[PDB]
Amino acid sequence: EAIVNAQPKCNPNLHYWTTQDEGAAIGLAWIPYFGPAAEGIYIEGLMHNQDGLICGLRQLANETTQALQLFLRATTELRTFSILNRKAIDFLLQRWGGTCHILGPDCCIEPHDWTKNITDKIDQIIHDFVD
């Protein structure tokens, strides 16, 4: 589906917080004894509404809520950390969960170079058909 923002307003800027994912730690700062407290583990970034991404993001999260809430009703886990790993697994199963029928619509195999390795090397058997 497409994302139609249907909210009263949109803050077109996302001033965000998160944890560090890239970059080596400065000396001993990685050691929990020496490192920052809970308040000081965050980084920030600022994102503008290029491609209408920020406003779509707000709408996406709004639309996610129903499915997400129903999922949480059906789980007995108190805290759920596995949603993204499960999506990765489903990503793989959608593609590789059965037999990959080559040139079928549901099989992500490209024989492009393998076509012009076989059809190109016919000219070392029909071209070299020397009498």
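A residue's number is simply how far along the shown sequence it sits, counting from 1.
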With B-factors read from the PDB entry, the higher C-alpha mean of 98-106 and 49-57 is in 98-106
Take the C-alpha B-factors listed in the entry for 26-34 and for 87-95, compute each mean, and give the stretch with the larger one.
-> 26-34
State the tercile, meaning the lowest, middle or highest third, of residue 11 with respect to the CA B-factors recorded for its chain.
-> middle
Chain-relative C-alpha B factor for residue 119 (record values, thirds): the highest
